[PDB]
Each structure stands twice: as C-alpha cells, then as structure tokens.
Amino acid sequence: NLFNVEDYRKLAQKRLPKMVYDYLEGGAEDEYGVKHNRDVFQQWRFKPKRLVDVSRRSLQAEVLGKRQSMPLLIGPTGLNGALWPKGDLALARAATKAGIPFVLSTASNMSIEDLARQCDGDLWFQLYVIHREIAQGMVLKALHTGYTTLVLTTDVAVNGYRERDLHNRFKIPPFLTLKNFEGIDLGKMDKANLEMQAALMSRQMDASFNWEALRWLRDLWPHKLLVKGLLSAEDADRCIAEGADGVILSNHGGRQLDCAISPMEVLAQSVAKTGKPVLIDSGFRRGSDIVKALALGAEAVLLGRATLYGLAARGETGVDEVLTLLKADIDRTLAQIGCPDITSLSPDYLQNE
C-alpha cells in the first residue's frame, strides 16, 4: 500500500538499515520538535467555498518570479547517497520531471559540476560555510555550472544533539563521498592552506558567519539568494534589508533545536513584514499541510523527509511517486476548498483552531 507519504516512510523503514533510518527520521533530543512540527498543522482547519467552478484547476505558480508546475521544491538534504545509490541524481531527475526545482546540498554525494552535467532541470545550490575561501569556491562553481539560485543555510552553527545517532554510534557510510570538498589541495603550507585544512578536518561550520558575512556572500552571488533556517519575522526582514531575495523559514526538520518553534508560527508575520518571497519547510507530509502554508502566504514549500522516503524506498521512481501523490493531493484539496487556482489561496479558506 503506497497511497501517501506515511506509506513510503513505512516502506523506507523496512528497506533501510536501522541506523540509517534513525539518522534520517531522528530529531534533536526528546524529539518534541519533530512532533510539534506535525501537530502545529492542526491549529488550522479548512472552511471550503462551495458552488465554485473547480472543473479547471491550476497548480502552476511563480517562485521568485519564475513559473514552475507547483509550489513545491525538493529541499537540500546531505548524504542522499546513503539512502539510495546516486540519490542526488535520482531526486534531481524526479524534481525535473515534476517541473519543480531541486536543491543540492553542500554535503551532497554528487558534485555540483556532475549534477549540472547530468540534469537540465532548475538546480539550486545550498551553501554551508566551513571556510570562507572554500565556500567562495563552491559558490563560483555553482555559478559557472548553471545553478539559478543560492540558498545559505544558517541553522547549523553547531551540530544538533541527535541522540539516536549517539546511541547507534552513527558514522557517515564508507562508500559515501563529501564530493564538493574533493581535491582541495594540502602539501601547501601556510596560514591558509593550513587554517583551511584545520577547518575541513572539523565536523563543525563557521559559527562566526554573521550579517557582515551575508553582505559578503550577497556581493559574490549575482542571482537569486535566499537565507534558510530563519524562525522570526525580524530575522527574515533583516535578510531582505541585507540583500536577500527571499527567505526559507525552517527549523531544519526538528534536527537542530528540539524546542524551536515551528516556522508555521511566524509564517503570516514574515509574509506581512518582509513583502518578499517567504518559502518554508519542516513537518510537511500531507497536501493539506502544504495548502495551509500557501494560504498563509508562503511562496512555496520545500520537501525534506517526504521525498527522501520515496528515495529510500524505491529510488528515483519512488520520488516520482511521492511527487505524483502530493500533486494529486494538493489538486484534490484545492477542488475541495473551492480554490481552483493555487495562486488564489488566502487566509480566508482557513479557520484558526
């Protein structure tokens, strides 16, 4: 039975080694966060508009001014190769077949260059800054290979305390490559090329990356730039003031700070304050979750675990199936609430509970 995202989660759990499944599904500490990410959607119910002609529906929408098949994206997730062989390519091809963007992680198992050469869809690059020089190298690499959008993830200044991994002594799978860091010299001696080696031989990121650093990145990247990991309208607004073209409200799927609010709690406020694209992720599993966020003003929703379940369970085809189910889910929901054009969604279709 594969009729929804949960069914794929169940199949993924049966096919993945326990430790890998725990690494995928787990959250920080007590996992009250991942639970809250799901529960928060129950804070809204639908108030359908009846007797509306919904015989012709449209899920097409512009994201950052660019039209795509539906307001969804496959978000950045690292080590996809640990879930399925060439997982990054499988996800990218599925997203492309579905008409939506795919975001490559800095911690991907397939290089920025290799993916761009094997997939002609809308590719976005998610940046983690460990070393400034190295980050600049990846950004320019993404720029020269055709990536349209750059996403800076800011919520991993330090690593999340995920206790399932600690119990399993989880170790990055051997057959797994941190490809984007491949070839980066040594032999070279001196502050950097030594200060850089010391940063790469560390599992932590640049915790000093601040607003000033964002300005630096803004000048380096000429196309659309989004800041991911925000949990307040104030931070979202500051990002826009600093040059960002939009933001991605997110708590990293409950994997970093167990007691973090769900981004849904500041979505409407961020939309009203910034006046710029506000994308969102964390906790989305049903089409109704997605429609609620869009109704509150979100530009688009990024999928994390939902499509990874499809990938882990059935590879590229699994991802295709999950996207197909979610699209039909969203479409069905639009028909049921009387909003034939997805771009017409508004808070008026919701009831606060």
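So that there is no doubt, residue numbering starts at 1 and follows the sequence shown.
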Practice problem: Tell me which of 29 to 37 and 61 to 69 has the higher mean C-alpha B-factor in the deposited entry. | Solution: 61 to 69
Quiz item: Which has higher Cα B-factors on average according to the PDB entry: 171 to 179 or 243 to 251?
Solution: 171 to 179
Exercise. From the list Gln126, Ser111, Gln269, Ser262, select the residue with the highest C-alpha B factor recorded in the entry.
Key: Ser111
Quiz prompt | Options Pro85, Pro277, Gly137, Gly283 - largest CA temperature factor per the record | solution = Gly137
Practice problem: Could you tell me which third, lowest, middle or highest, the C-alpha B-factor of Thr307 occupies within its chain? | Solution: lowest
Self-check item: Relative C-alpha B-factor of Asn80, binned into the chain's lowest, middle or highest third
Solution: middle
Quiz item: Based on the entry's values, in what third of the chain does the Cα temperature factor of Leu257 lie: lowest, middle or highest?
Solution: lowest
Quiz item: Which third of the chain does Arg164 land in by C-alpha B-factor: lowest, middle or highest?
Solution: middle
Quiz item: Going by what the PDB entry lists, where does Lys292 fall on CA B-factor within its chain: lowest, middle or highest third?
Solution: lowest
